[PDB]
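To keep things clear, I will list the structure first and then write my remarks on it.
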Amino acid sequence: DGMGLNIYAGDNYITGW
Amino acid sequence: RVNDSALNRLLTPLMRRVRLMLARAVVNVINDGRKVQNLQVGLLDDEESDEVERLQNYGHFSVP
Amino acid sequence: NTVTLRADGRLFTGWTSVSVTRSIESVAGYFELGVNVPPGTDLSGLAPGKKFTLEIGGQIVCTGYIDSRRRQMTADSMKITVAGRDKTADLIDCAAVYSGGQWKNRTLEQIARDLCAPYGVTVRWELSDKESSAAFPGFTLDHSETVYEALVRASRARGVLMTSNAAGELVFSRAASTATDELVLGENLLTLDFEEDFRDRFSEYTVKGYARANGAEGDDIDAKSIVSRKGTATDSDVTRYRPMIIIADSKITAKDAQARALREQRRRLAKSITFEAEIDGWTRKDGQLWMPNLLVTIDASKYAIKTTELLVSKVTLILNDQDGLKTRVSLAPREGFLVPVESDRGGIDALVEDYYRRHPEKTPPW
Amino acid sequence: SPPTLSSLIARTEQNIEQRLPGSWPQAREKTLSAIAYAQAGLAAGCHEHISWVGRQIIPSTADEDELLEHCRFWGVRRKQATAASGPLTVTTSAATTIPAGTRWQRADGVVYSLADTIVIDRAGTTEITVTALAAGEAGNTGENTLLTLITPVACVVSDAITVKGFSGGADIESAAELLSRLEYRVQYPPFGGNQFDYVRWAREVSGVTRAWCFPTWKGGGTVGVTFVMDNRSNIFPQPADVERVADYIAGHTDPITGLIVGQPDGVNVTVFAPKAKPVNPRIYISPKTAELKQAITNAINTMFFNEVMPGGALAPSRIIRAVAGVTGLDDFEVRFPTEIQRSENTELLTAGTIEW
Amino acid sequence: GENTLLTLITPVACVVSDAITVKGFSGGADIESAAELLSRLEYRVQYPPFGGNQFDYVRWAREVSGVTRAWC
Amino acid sequence: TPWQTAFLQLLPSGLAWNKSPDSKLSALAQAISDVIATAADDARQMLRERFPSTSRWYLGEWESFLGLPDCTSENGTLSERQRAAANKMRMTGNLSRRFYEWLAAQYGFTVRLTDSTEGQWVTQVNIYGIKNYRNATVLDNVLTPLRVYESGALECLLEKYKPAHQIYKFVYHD
Amino acid sequence: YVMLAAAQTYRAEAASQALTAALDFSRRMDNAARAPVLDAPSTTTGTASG
Amino acid sequence: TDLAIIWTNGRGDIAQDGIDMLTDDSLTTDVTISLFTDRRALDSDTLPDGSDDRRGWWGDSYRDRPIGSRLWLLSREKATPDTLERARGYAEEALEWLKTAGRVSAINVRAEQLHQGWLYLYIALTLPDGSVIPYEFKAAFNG
Amino acid sequence: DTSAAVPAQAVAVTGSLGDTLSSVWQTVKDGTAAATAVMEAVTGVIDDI
Amino acid sequence: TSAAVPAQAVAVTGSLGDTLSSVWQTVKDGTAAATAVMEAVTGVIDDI
């Protein structure tokens with residue numbers, strides 16, 4: 001869930017789009 | 001991206017952009033001083049858009 | 001050094017397992033605690049929606065609202081947990097609400113302060129740049145877009161990185177300048193992990209987009225230069241061809257294109273090289289807690305590592321029984337979190353600006 | 001006047017030598033010398049802290065926060081800033097409702113926000129009153145200025161031109177002005193009937209720059225007051241100004257205690273205005289230029305503003321000093337004022353046109 | 001330094017062996033360093049000839065100790 | 001000395017160290033602590049400098065801020081300069097004869113404001129116990145004479161602070 | 001009466017807050033047997049520049 | 001080259017020499033300081049006094065290491081082997097910080113009872129090949 | 001949490017005091033000494049604030 | 001230490017700039033004092 005929690009938390013560097 | 005809600009959060013913005021690319025609008029104010037007509041359109045709800053250029057083919061003109 | 005959770009009404013001190021996370025690559029810092037109580041007692045102070053304030057020792061780490069609470073019991077075990085995030089995480093899943101979707105001539109700080117008003121989050125602007133405060137000639141909001149999405153979209157074009165403070169505020173952070181702590185392999189390291197992968201770093205990032213022609217600039221701009229816009233940023237770490245072309249995000253000029261190209265190059269640099277360490281103490285050498293945005297000096301020279309200074313990027317504090325007191329600190333180069341104006345170490349205006357940039361504690365002339 | 005670091009080194013070395021007889025701590029590369037230097041450094045830091053503790057006893061040399069505290073203790077009250085306001089004359093295109101709280105930004109960046117909602121039912125211009133959010137001197141503008149729209153409205157043209165500009169923008173008094181007021185208060189004590197009391201009474205009223213009081217003006221029971229307003233172009237009182245100053249001296253509430261104070265009941269004040277008595281000098285300049293014309297004129301005007309009082313006599317040397325204060329010129333011989341000019345209390349000296 | 005006490009070596013009639021030095025001694029320069037000598041040598045190499053000029057006569061007259069103003 | 005005792009107490013405690021009042025550690029502690037003793041004395045005298053009635057270093061500044069140097073401040077006596085500053089800083093009052101008597105007596109003089117003799121506004125300042133001698137104190141200079149003779153200090157003071165409407169009439173008695 | 005009571009209640013709340021402020025400022029987080037070093041920035045508490 | 005500690009009348013003190021104080025650049029000062037300054041007693045130790053105060057130094061929380069030795073716990077002992085063993089252990093613990101570094105190679109300390117009423121400690125170090133020649137003196141009495 | 005229990009009680013105390021004042025206040029319709037003295041008291045309170 | 005030297009250099013330069021800005025005083029334009037100050041500043045610029 002290391003990546004599954006980074007979605008619920010913010011990401012100032014956009015994953016997609 | 002394991003949970004259903006996590007996948008929904010990951011995949012939502014792309015579909016939002018797809019659904020918001022094309023749109024309808026109404027015209028409220030037309031400005032013709034510029035070299036291209038500047039409309040003031042009203043989008044879905046509680047959303048305005050000032051200074052929206054209108055494109056018309058060469059050789060034809062009209063002021064709605 | 002007790003972890004007190006100021007919930008609605010009263011204090012809660014003892015815990016079975018604590019995990020707190022903080023980073024500058026995110027807009028929130030999440031926490032998860034484990035509680036153990038006799039079966040049948042009332043657990044209502046720890047409920048979803050309560051207003052919590054985590055306080056390590058006498059200092060506050062996180063503040064916001066409780067998210068989840070799990071309770072399970074099997075034939076031979078019993079486990080209860082609780083989770084939560086900041087109050088800045090309220091913007092992440094909430095849809096931005098404003099009357100007129102378009103801001104004509106506003107800066108990023110003003111747009112953020114107009115967007116984060118209904119919720120309660122206070123915006124903090126730390127950058128003293130003259131180009132990061134340049135106003136947007138026009139910025140519109142896609143409908144059904146979250147505040148996080150809108151502010152990230154604007155900050156990417158500006159080059160700024162958006163983060164959450166330790167008191168729940170929004171922050172447009174500034175990278176540290178002075179080397180404060182030291183991490184060596186011989187004295188205060190339990191475990192290191194140095195990954196150096198070059199599967200993403202390119203040589204020349206070039207961004208292309210469309211010029212500005214809505215209205216006032218429409219009487220001036222020609223036809224070809226509307227479509228012909230370009231910006232370039234070159235890297236010297238990859239010696240092969242390795243190019244990259246980026247379609248812009250909004251209306252673009254040459255200077256804006258150059259800024260985004262660097263923004264992308266520096267983010268790739270930050271994401272490429274990664275250091276990880278496990279130190280023994282929650283507290284720092286001076287005595288305060290370990291938090292992100294700190295410039296540390298690495299002396300891992302017994303393992304043949306030639307990096308000298310790094311910037312902390314993620315700090316996670318742990319209180320497991322098998323672990324004890326640990327804090328896994330992750331490290332990234334400083335040159336990956338800078339604004340396009342600054343650089344890692346033609347007139348009187350240039351000299352004065354340089355001086356006031358080397359000395360940030362001084363007041364600029366503005 | 002704290003001792004210098006070298007003096008502290010010397011003092012510590014003398015103390016060491018006195019306490020340990022037969023010793024010479026001044027020797028190079030020695031334990032006593034090192035100890036003396038370290039103690040001198042510590043004492044220098046301590047003395048600097050003592051000096052900073054000083055220098056804030058008086059409001060004149062105090063720092064900012066201590067100066068503000070001194071003024072608050074002594075009773076000086078600040079004047080808060082105002083906000084500009086005025087009509088907008090915004091043009092619409094159909095029936096619409098401009099919601100309360102909308103904002104019109106001017107090119108500079110200042111933002112003016114509408115207060116109450118307005119409903120419009122025609123496709124024509126409508127005048128609405130807007131107030132600034134900046135709340136400062138920058139609020140007020142010129143006569144016909146343009147204001148754009150930060151966020152679009154349903155059917156309102158973005159641009160808005162104000163035929164009659166905004167007004168009412170002021171700034172909060174600075175620490176320098178507060179210090180000057182406190183210094184004046186301390187220098188001239190309040191007695192309730194003194195000449196300085198009458199001068200400060202005539203100066204407290206808005207718009208007045210200078211004032212003078214003549215005790216025992218026309219006998220043993222009356223006084224006289226004469227004020228001059230220097231901001232205005234005329235620089236001489238009007239009957240309305242005179243009557244309002246007389247009213248202010250007769251009665252005005254004190255902001256501190258809330259009671260009204262004024263002149264005694266047995267005296268005759270009869271404040272009046274001065275009469276101009278111009279003097280026209282004739283100064284010869286070697287280089288004749290507009291820059292020297294302006295410099296000499298401004299120097300003479302300031303010289304009068306400084307050292308001229310109604311009823312006083314000005315020596316010709318004053319003009320000479322004022323004209324010599326200029327740099328570019330080479331010769332500045334004056335010819336008309338060769339004798340001392342004097343005047344009565346009703347007559348106020350003034351610099352007339354200079355005949356180059 | 002300041003107020004340093006000095007004493008005589010050979011007694012002199014009607015002179016008390018005491019010296020105060022209200023003002024400290026000044027001077028005490030050791031030998032020249034390598035950088036200073038290199039700079040002096042480069043000055044010697046790079047300096048130009050100074051033919052008799054109305055400006056140069058002023059310097060030549062003013063270099064003498066005591067002379068403070070010159071005109072050519 | 002208490003400062004050397006504080007220094008000795010700060011130094012470590014053990015058998016190796018000798019803190020008896022005759023040892024070299026004490027003899028050096030006195031010299032080490034005397035500088036901080038003088039510093040503490042200066043920081044303590046700042047408390048006396050706090051007021052203009054007793055200030056000695058800041059008399060010049062207390063006079064410049066108050067605009068003091070004028071008739072009521074005497075020739076050179078530092079005591080009189082201090083008194084003038086300390087009176088001007090806290091002089092606020094009415095126009096009554098009682099207050100004027102009190103103000104005049106606060107400077108060391110003695111006057112009484114008696115009724116007129118010729119008019120109504122011309123009150124009579126009867127000045128009693130006239131003495132023009134001021135004794136040199138310990139604060140003032142070494143070159144000042146034992147007595148300084150100054151006259152007319154009260155006259156211009158009362159003429160400066162007199163009511164605007166009224167005119168005084170001075171009479172000297174003994 | 002009502003005015004007095006309201007003023008005194010506000011005074012009590014202000015005192016309760018001032019106690020928190022004073023206790024917050026009084027305590028420092030050093031509490032460790034360490035060795036002083038030659039740390040140039042921030043000679044007295046504060047924070048490092050930038 | 002710091003000041004040297006000179007023992008007179010059973011109590012050490014700094015001393016002068018010509019112009020200034022006598023200086024030392026050897027292990028003598030280090031040993032005579034690490035041995036004869038009282039460090040903080042543990043929580044469970046029984047003090048020789050009837051009091052409840054433990055010695056130490058205000059700088060013990062500023063100097064990364066306790067200063068001296070716990071030999072002061074043997075102020076009043078009777079002639080039994082337990083006190084000799086304790087003195088040997090305390091001297092070893094006090095001087096082991098030198099062996100932890102490279103300033104000495106080995107320590108050999110023995111305790112004995114010489115002429116009645118004498119607690120004799122014989123401490124022999126092994127300085128390395130590069131260490132400077134240590135200072136040399138004897139305890140002296142006067143008056 | 002004794003630090004956060006003071007403002008919560010103070011809010012209720014202020015509300016109760018305001019309600020008591022509103023309930024016990026009685027309107028005086030005259031223009032006499034009663035009305036003018038009530039005016040003086042109210043204007044005195046505003047002056048202090 | 002070796003890693004704490006640049007921070008102290010930055011602090012020293014900042015303090016020197018602040019003290020120069022706080023001590024420097026204005027002078028009248030046409031005077032020999034202004035001429036001498038101009039000459040000194042121009043000489044410093046010449047050295048740099």
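Chain labels run A, B, ... following the order of the structure tokens; each chain numbers its residues from 1, and ligands are numbered from 1 in the order shown.
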Taking 6 positions as the minimum chain separation for residues in the same chain, which residues sit within 8 Å of residue E:18 when counting only C-alpha atoms? Answer as a VMD selection string. chain E and resid 5 to 8
Selection file, N, CA and C atoms, as a CSV table (one decimal), in the first residue's frame:
```
chain,number,residue,atom,x,y,z
E,5,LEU,N,54.7,49.3,31.1
E,5,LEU,CA,55.7,49.8,32.0
E,5,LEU,C,57.1,49.4,31.5
E,6,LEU,N,58.0,50.3,31.3
E,6,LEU,CA,59.4,50.1,31.0
E,6,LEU,C,60.3,50.6,32.0
E,7,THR,N,61.5,50.0,32.2
E,7,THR,CA,62.5,50.4,33.2
E,7,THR,C,63.8,50.6,32.5
E,8,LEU,N,64.6,51.5,33.1
E,8,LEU,CA,66.0,51.7,32.6
E,8,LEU,C,66.9,50.5,32.9
```
Applying 12 Å and only C-alpha atoms, which residues near stretch 14-21 of chain F remain after dropping the ones on its own chain fewer than 5 positions away? List them as a PDB file with N, CA and C atoms, in the first residue's frame.
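Contents of result.pdb, freshly written:
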```
ATOM      1  N   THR F   1      35.173  38.974  48.062  1.00  0.00           N
ATOM      2  CA  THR F   1      34.311  39.359  46.951  1.00  0.00           C
ATOM      3  C   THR F   1      33.337  38.235  46.612  1.00  0.00           C
ATOM      4  N   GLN F   4      34.172  36.394  42.939  1.00  0.00           N
ATOM      5  CA  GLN F   4      35.182  35.343  42.980  1.00  0.00           C
ATOM      6  C   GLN F   4      34.645  34.086  43.650  1.00  0.00           C
ATOM      7  N   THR F   5      33.766  34.235  44.645  1.00  0.00           N
ATOM      8  CA  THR F   5      33.122  33.065  45.232  1.00  0.00           C
ATOM      9  C   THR F   5      32.260  32.348  44.203  1.00  0.00           C
ATOM     10  N   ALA F   6      31.526  33.110  43.391  1.00  0.00           N
ATOM     11  CA  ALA F   6      30.715  32.506  42.338  1.00  0.00           C
ATOM     12  C   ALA F   6      31.585  31.769  41.328  1.00  0.00           C
ATOM     13  N   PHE F   7      32.712  32.368  40.938  1.00  0.00           N
ATOM     14  CA  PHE F   7      33.618  31.705  40.002  1.00  0.00           C
ATOM     15  C   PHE F   7      34.188  30.420  40.596  1.00  0.00           C
ATOM     16  N   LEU F   8      34.599  30.464  41.864  1.00  0.00           N
ATOM     17  CA  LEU F   8      35.144  29.271  42.502  1.00  0.00           C
ATOM     18  C   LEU F   8      34.094  28.173  42.597  1.00  0.00           C
ATOM     19  N   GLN F   9      32.853  28.537  42.930  1.00  0.00           N
ATOM     20  CA  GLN F   9      31.773  27.559  42.953  1.00  0.00           C
ATOM     21  C   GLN F   9      31.479  26.993  41.570  1.00  0.00           C
ATOM     22  N   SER F  26      42.209  31.002  43.722  1.00  0.00           N
ATOM     23  CA  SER F  26      41.487  32.175  44.205  1.00  0.00           C
ATOM     24  C   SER F  26      42.126  33.468  43.707  1.00  0.00           C
ATOM     25  N   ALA F  27      43.460  33.541  43.753  1.00  0.00           N
ATOM     26  CA  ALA F  27      44.145  34.754  43.322  1.00  0.00           C
ATOM     27  C   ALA F  27      43.884  35.061  41.854  1.00  0.00           C
ATOM     28  N   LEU F  28      43.729  34.032  41.024  1.00  0.00           N
ATOM     29  CA  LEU F  28      43.385  34.230  39.623  1.00  0.00           C
ATOM     30  C   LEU F  28      41.890  34.426  39.409  1.00  0.00           C
ATOM     31  N   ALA F  29      41.053  33.818  40.252  1.00  0.00           N
ATOM     32  CA  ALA F  29      39.611  33.989  40.136  1.00  0.00           C
ATOM     33  C   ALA F  29      39.208  35.433  40.378  1.00  0.00           C
ATOM     34  N   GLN F  30      39.855  36.097  41.338  1.00  0.00           N
ATOM     35  CA  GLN F  30      39.539  37.506  41.569  1.00  0.00           C
ATOM     36  C   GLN F  30      39.786  38.339  40.315  1.00  0.00           C
TER      37      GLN F  30
ATOM     38  N   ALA H   4      49.722  23.118  34.854  1.00  0.00           N
ATOM     39  CA  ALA H   4      50.026  21.878  35.549  1.00  0.00           C
ATOM     40  C   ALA H   4      49.537  21.961  36.986  1.00  0.00           C
ATOM     41  N   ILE H   5      49.109  20.824  37.524  1.00  0.00           N
ATOM     42  CA  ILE H   5      48.610  20.735  38.889  1.00  0.00           C
ATOM     43  C   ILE H   5      49.736  20.213  39.772  1.00  0.00           C
ATOM     44  N   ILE H   6      50.067  20.972  40.813  1.00  0.00           N
ATOM     45  CA  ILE H   6      51.176  20.670  41.709  1.00  0.00           C
ATOM     46  C   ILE H   6      50.609  20.405  43.095  1.00  0.00           C
ATOM     47  N   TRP H   7      51.030  19.300  43.705  1.00  0.00           N
ATOM     48  CA  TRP H   7      50.480  18.858  44.980  1.00  0.00           C
ATOM     49  C   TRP H   7      51.314  19.413  46.128  1.00  0.00           C
ATOM     50  N   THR H   8      50.659  20.123  47.043  1.00  0.00           N
ATOM     51  CA  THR H   8      51.281  20.587  48.276  1.00  0.00           C
ATOM     52  C   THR H   8      50.303  20.385  49.421  1.00  0.00           C
ATOM     53  N   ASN H   9      50.796  19.833  50.531  1.00  0.00           N
ATOM     54  CA  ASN H   9      49.994  19.606  51.732  1.00  0.00           C
ATOM     55  C   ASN H   9      48.792  18.705  51.459  1.00  0.00           C
ATOM     56  N   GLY H  10      48.923  17.781  50.512  1.00  0.00           N
ATOM     57  CA  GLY H  10      47.831  16.889  50.184  1.00  0.00           C
ATOM     58  C   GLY H  10      46.723  17.498  49.353  1.00  0.00           C
ATOM     59  N   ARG H  11      46.938  18.711  48.833  1.00  0.00           N
ATOM     60  CA  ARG H  11      45.894  19.406  48.031  1.00  0.00           C
ATOM     61  C   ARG H  11      46.546  20.052  46.805  1.00  0.00           C
ATOM     62  N   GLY H  12      46.168  19.614  45.602  1.00  0.00           N
ATOM     63  CA  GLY H  12      46.795  20.136  44.372  1.00  0.00           C
ATOM     64  C   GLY H  12      46.373  21.561  44.059  1.00  0.00           C
ATOM     65  N   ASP H  13      47.202  22.302  43.318  1.00  0.00           N
ATOM     66  CA  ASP H  13      46.842  23.685  42.899  1.00  0.00           C
ATOM     67  C   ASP H  13      47.739  24.102  41.729  1.00  0.00           C
ATOM     68  N   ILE H  14      47.300  25.084  40.937  1.00  0.00           N
ATOM     69  CA  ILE H  14      48.138  25.594  39.811  1.00  0.00           C
ATOM     70  C   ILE H  14      49.320  26.358  40.414  1.00  0.00           C
ATOM     71  N   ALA H  15      50.434  26.458  39.685  1.00  0.00           N
ATOM     72  CA  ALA H  15      51.637  27.108  40.254  1.00  0.00           C
ATOM     73  C   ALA H  15      52.256  28.068  39.235  1.00  0.00           C
ATOM     74  N   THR H  29      49.036  15.798  33.917  1.00  0.00           N
ATOM     75  CA  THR H  29      47.875  16.604  34.275  1.00  0.00           C
ATOM     76  C   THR H  29      46.579  15.853  34.002  1.00  0.00           C
ATOM     77  N   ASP H  30      46.512  15.150  32.869  1.00  0.00           N
ATOM     78  CA  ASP H  30      45.307  14.401  32.532  1.00  0.00           C
ATOM     79  C   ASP H  30      45.020  13.323  33.567  1.00  0.00           C
ATOM     80  N   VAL H  31      46.049  12.600  34.010  1.00  0.00           N
ATOM     81  CA  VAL H  31      45.840  11.537  34.990  1.00  0.00           C
ATOM     82  C   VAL H  31      45.477  12.125  36.350  1.00  0.00           C
ATOM     83  N   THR H  32      46.201  13.159  36.786  1.00  0.00           N
ATOM     84  CA  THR H  32      45.917  13.742  38.090  1.00  0.00           C
ATOM     85  C   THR H  32      44.593  14.490  38.123  1.00  0.00           C
ATOM     86  N   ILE H  33      44.001  14.789  36.970  1.00  0.00           N
ATOM     87  CA  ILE H  33      42.648  15.336  36.950  1.00  0.00           C
ATOM     88  C   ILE H  33      41.606  14.228  36.876  1.00  0.00           C
ATOM     89  N   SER H  34      41.824  13.220  36.030  1.00  0.00           N
ATOM     90  CA  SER H  34      40.867  12.132  35.900  1.00  0.00           C
ATOM     91  C   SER H  34      40.798  11.257  37.143  1.00  0.00           C
ATOM     92  N   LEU H  35      41.814  11.290  38.004  1.00  0.00           N
ATOM     93  CA  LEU H  35      41.814  10.461  39.202  1.00  0.00           C
ATOM     94  C   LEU H  35      41.245  11.149  40.433  1.00  0.00           C
ATOM     95  N   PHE H  36      41.437  12.459  40.583  1.00  0.00           N
ATOM     96  CA  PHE H  36      41.199  13.120  41.860  1.00  0.00           C
ATOM     97  C   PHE H  36      40.192  14.263  41.758  1.00  0.00           C
ATOM     98  N   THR H  37      39.148  14.090  40.953  1.00  0.00           N
ATOM     99  CA  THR H  37      37.970  14.945  40.992  1.00  0.00           C
ATOM    100  C   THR H  37      36.747  14.048  41.107  1.00  0.00           C
ATOM    101  N   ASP H  38      35.849  14.384  42.025  1.00  0.00           N
ATOM    102  CA  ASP H  38      34.721  13.512  42.324  1.00  0.00           C
ATOM    103  C   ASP H  38      33.678  13.594  41.217  1.00  0.00           C
ATOM    104  N   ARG H  39      33.303  12.442  40.669  1.00  0.00           N
ATOM    105  CA  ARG H  39      32.235  12.371  39.686  1.00  0.00           C
ATOM    106  C   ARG H  39      30.935  11.949  40.363  1.00  0.00           C
ATOM    107  N   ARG H  40      29.836  12.072  39.626  1.00  0.00           N
ATOM    108  CA  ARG H  40      28.523  11.834  40.210  1.00  0.00           C
ATOM    109  C   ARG H  40      28.365  10.371  40.597  1.00  0.00           C
ATOM    110  N   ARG H  54      25.435  14.015  46.186  1.00  0.00           N
ATOM    111  CA  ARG H  54      26.431  13.391  45.332  1.00  0.00           C
ATOM    112  C   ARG H  54      27.194  14.469  44.577  1.00  0.00           C
ATOM    113  N   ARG H  55      28.508  14.301  44.484  1.00  0.00           N
ATOM    114  CA  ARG H  55      29.358  15.312  43.874  1.00  0.00           C
ATOM    115  C   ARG H  55      29.237  15.225  42.354  1.00  0.00           C
ATOM    116  N   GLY H  56      30.092  15.936  41.650  1.00  0.00           N
ATOM    117  CA  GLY H  56      30.066  15.942  40.208  1.00  0.00           C
ATOM    118  C   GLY H  56      30.603  17.267  39.686  1.00  0.00           C
ATOM    119  N   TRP H  57      29.975  17.756  38.621  1.00  0.00           N
ATOM    120  CA  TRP H  57      30.326  19.053  38.061  1.00  0.00           C
ATOM    121  C   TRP H  57      29.152  19.562  37.239  1.00  0.00           C
ATOM    122  N   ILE H  67      33.411  13.606  34.600  1.00  0.00           N
ATOM    123  CA  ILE H  67      34.724  14.240  34.675  1.00  0.00           C
ATOM    124  C   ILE H  67      35.748  13.316  35.326  1.00  0.00           C
ATOM    125  N   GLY H  68      35.507  12.912  36.570  1.00  0.00           N
ATOM    126  CA  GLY H  68      36.564  12.290  37.343  1.00  0.00           C
ATOM    127  C   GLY H  68      36.341  10.861  37.785  1.00  0.00           C
ATOM    128  N   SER H  69      36.709  10.574  39.031  1.00  0.00           N
ATOM    129  CA  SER H  69      36.744   9.225  39.569  1.00  0.00           C
ATOM    130  C   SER H  69      35.865   9.125  40.807  1.00  0.00           C
ATOM    131  N   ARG H  70      35.408   7.905  41.086  1.00  0.00           N
ATOM    132  CA  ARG H  70      34.575   7.627  42.248  1.00  0.00           C
ATOM    133  C   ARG H  70      35.392   7.144  43.443  1.00  0.00           C
ATOM    134  N   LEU H  71      36.651   7.571  43.541  1.00  0.00           N
ATOM    135  CA  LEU H  71      37.490   7.200  44.673  1.00  0.00           C
ATOM    136  C   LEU H  71      37.060   7.869  45.969  1.00  0.00           C
ATOM    137  N   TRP H  72      36.213   8.896  45.904  1.00  0.00           N
ATOM    138  CA  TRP H  72      35.751   9.572  47.110  1.00  0.00           C
ATOM    139  C   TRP H  72      34.766   8.737  47.915  1.00  0.00           C
ATOM    140  N   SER H  75      36.174   7.288  51.495  1.00  0.00           N
ATOM    141  CA  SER H  75      36.732   8.282  52.403  1.00  0.00           C
ATOM    142  C   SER H  75      37.006   7.686  53.777  1.00  0.00           C
TER     143      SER H  75
END
```
Surrounding residues of stretch 42-46 of chain B excluding itself and chain neighbours under 6 positions, 8 Å, only C-alpha atoms, as a PyMOL selection string: (chain B and resi 23-28) or (chain C and resi 99-101) or (chain D and resi 154)
Give me the residues within 12 Å of residue J:18 as a list in words, counting only C-alpha atoms and dropping any in the same chain fewer than 5 places off.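 Contacts, with the query itself left out: residues 355, 356, 359, 361, 362 and 363 of chain C; 11, 12, 13, 23 and 24 of chain J.
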C-alpha atoms of the current selection, written as a PDB file, in the first residue's frame:
```pdb
ATOM      1  CA  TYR C 355      22.764  40.055  -3.285  1.00  0.00           C
ATOM      2  CA  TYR C 356      19.201  39.872  -1.954  1.00  0.00           C
ATOM      3  CA  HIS C 359      20.858  36.815   1.671  1.00  0.00           C
ATOM      4  CA  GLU C 361      16.729  36.986   5.576  1.00  0.00           C
ATOM      5  CA  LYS C 362      17.114  40.538   4.249  1.00  0.00           C
ATOM      6  CA  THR C 363      14.057  42.419   3.023  1.00  0.00           C
TER       7      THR C 363
ATOM      8  CA  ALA J  11      26.415  35.958   7.731  1.00  0.00           C
ATOM      9  CA  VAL J  12      29.534  38.155   7.813  1.00  0.00           C
ATOM     10  CA  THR J  13      28.806  39.612   4.374  1.00  0.00           C
ATOM     11  CA  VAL J  23      26.081  54.093   8.794  1.00  0.00           C
ATOM     12  CA  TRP J  24      26.208  55.746   5.343  1.00  0.00           C
TER      13      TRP J  24
END
```
Atom-to-atom span, atom CA of residue I:3 and atom CA of residue C:122, Å: 24.3 Å
Would you kindly return, as a PyMOL selection string, each protein, DNA or RNA residue with an atom no farther than 8 Å from any atom of stretch 22-32 of chain G, considering only C-alpha atoms and excluding same-chain residues fewer than 2 positions away? (chain C and resi 286-288) or (chain G and resi 18-20+34) or (chain H and resi 61)
Can you write out the residues you just picked, keeping C-alpha atoms, as a short mmCIF file (atom, residue, chain, number, x, y, z; two decimals), in the first residue's frame?
```
data_model
loop_
_atom_site.label_atom_id
_atom_site.label_comp_id
_atom_site.auth_asym_id
_atom_site.auth_seq_id
_atom_site.Cartn_x
_atom_site.Cartn_y
_atom_site.Cartn_z
CA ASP C 286 20.13 19.46 18.64
CA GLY C 287 16.97 17.99 20.15
CA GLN C 288 14.02 18.82 17.91
CA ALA G 18 -1.54 33.47 29.06
CA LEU G 19 -0.57 30.54 31.28
CA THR G 20 -0.29 28.33 28.19
CA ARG G 34 25.98 16.46 24.65
CA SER H 61 25.94 17.67 31.21
#
```
Which residues of chain D come within 10 Å of chain E, and what is each one's closest atom pair and distance in Å (one decimal), counting only C-alpha atoms, sorted by chain and residue number, as a tab-separated table?
```
residue	atom	partner	partner_atom	distance
D:6	CA	E:2	CA	8.7
D:7	CA	E:2	CA	8.2
D:9	CA	E:2	CA	9.8
D:10	CA	E:2	CA	7.0
D:11	CA	E:2	CA	9.9
D:14	CA	E:3	CA	9.6
D:26	CA	E:1	CA	8.5
```
Can you tell me, as a short mmCIF file (atom, residue, chain, number, x, y, z; two decimals) with C-alpha atoms, in the first residue's frame, what residues are no more than 9 Å from stretch 79-92 of chain H when counting only C-alpha atoms, ignoring any on the same chain fewer than 4 positions away?
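File written: result_22.cif
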```cif
data_model
loop_
_atom_site.label_atom_id
_atom_site.label_comp_id
_atom_site.auth_asym_id
_atom_site.auth_seq_id
_atom_site.Cartn_x
_atom_site.Cartn_y
_atom_site.Cartn_z
CA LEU H 35 41.81 10.46 39.20
CA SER H 69 36.74 9.23 39.57
CA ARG H 70 34.58 7.63 42.25
CA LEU H 71 37.49 7.20 44.67
CA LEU H 74 36.25 5.27 50.13
CA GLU H 96 39.83 3.26 31.09
CA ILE H 107 46.84 -0.32 32.30
CA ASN H 108 47.99 -2.38 35.30
CA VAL H 109 46.71 -1.20 38.69
CA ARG H 110 47.12 -3.01 42.00
CA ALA H 111 45.98 -2.15 45.52
CA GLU H 112 47.76 -2.98 48.76
CA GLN H 113 48.07 -2.07 52.42
CA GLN H 116 49.48 0.39 58.88
CA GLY H 117 46.95 2.94 57.70
CA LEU H 119 45.96 2.58 51.02
CA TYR H 120 48.65 2.04 48.38
CA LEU H 121 47.69 2.13 44.70
CA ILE H 123 49.10 2.27 38.60
#
```
